[PDB]
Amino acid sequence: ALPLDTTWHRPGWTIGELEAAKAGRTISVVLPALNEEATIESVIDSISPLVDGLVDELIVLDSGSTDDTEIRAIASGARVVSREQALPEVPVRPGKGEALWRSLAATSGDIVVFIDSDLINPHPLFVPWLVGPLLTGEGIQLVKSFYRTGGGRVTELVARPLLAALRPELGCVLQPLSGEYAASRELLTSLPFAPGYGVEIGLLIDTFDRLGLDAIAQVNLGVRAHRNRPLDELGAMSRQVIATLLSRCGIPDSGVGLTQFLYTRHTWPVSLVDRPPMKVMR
């Protein structure tokens, strides 16, 4: 009942049916990871059985981990790609947005699926459930998940109310910041990639501004648990989500970083520099 293809229930397709509908299209899965040694294995394990079938490629984009993320992920059979390796001609910047952007150059799938590597016990139907609308539907180029400490505080207090205020047509997207989603390569390599934690909200809005809702679907993945960061780390994330949201809506951002008083004072980085469409690097 939303102006937006929303699969509220457990999708009916089977792996064999979904695989049939590929029709020569390839599927790449990317797990971005920064210091996720405790959950990375269970996430890979939940997806690796699809490889050489529904999924043609799985990588861990290691965003500079200093723990045992890489050795654990290799031991799980995964190809692990550093940011450097993904695109060596261009120096590495920090943040998640950098990692997803770069992952576009280390993959070749007509469809790209992103799964966060800190999920606690991810269901192995996550990927099949996300490529569903891209395969069977028409016009769909972006599929966002929804679900459910916690509650998605930055989602419920910042991104959703801000979308209500500045892009109300996106008010029917239930989890605009979700790290689990899939999209066509043609769309992904045509859009710029916001830095740090701005990347999701930036892709959602440029996708909308460029193609309208009809290109966007969302799908219930059920329940979703992950690391629940402390409030001060979220402030920093929220600051970046805000900077990216305002820019896509034509509003000048001060570029000034959030300062916190814990009393002691800390100033977190924010970035106004988007990475350009990966096309320009061909």
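When you see a residue number, it is the position in the sequence shown, counting from 1.
>> At a threshold of one third of the other compared entries, does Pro94 come out as unmodelled?
In response: In all of the other entries, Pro94 has coordinates.
>> Over the set of other compared entries for this protein, does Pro192 lack coordinates in at least a third of them?
In response: No.
> Can you say how many deposited residues have no coordinates in the span between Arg148 and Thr149, choosing none, 1 to 3, 4 to 9, or 10 or more?
Replying inline: The entry has a long gap there, with 10 or more residues left out between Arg148 and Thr149.
>> Counting only residues that lack coordinates, how big is the gap in the deposited sequence between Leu262 and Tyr263? Pick none, 1 to 3, 4 to 9 or 10 or more.
In response: Missing residues, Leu262 to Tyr263: 4 to 9.
> 5-13 versus 268-276: which one carries the higher mean Cα B factor per the record?
Replying inline: Mean B over CA atoms: larger for 5-13.
> Comparing 133-141 with 155-163, where is the mean C-alpha B-factor higher?
Replying inline: In the deposited entry, the stretch with the higher C-alpha B-factor mean is 133-141.
> If you rank every modelled residue in this chain by C-alpha B factor, which third holds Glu169: lowest, middle or highest?
Replying inline: For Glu169, the deposited C-alpha B-factor lands in the highest third.
> By its CA B factor, does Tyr181 count among the lowest, middle or highest third of the modelled residues in the chain?
Replying inline: Answer is lowest: the recorded C-alpha B-factor places it there.
> What third of its chain's C-alpha B-factors does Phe208 belong to: lowest, middle or highest?
Replying inline: Tercile = middle for this residue's CA B-factor.
>> By the recorded C-alpha temperature factor, relative to the other modelled residues in its chain, which third is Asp214 in?
In response: Its C-alpha B-factor, which the entry lists for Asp214, ranks in the highest third among residues of this chain.
> Comparing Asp116 with the other modelled residues of its chain, is its CA B-factor in the lowest, middle or highest third?
Replying inline: It belongs to the lowest third of the chain when residues are ordered by C-alpha B-factor.
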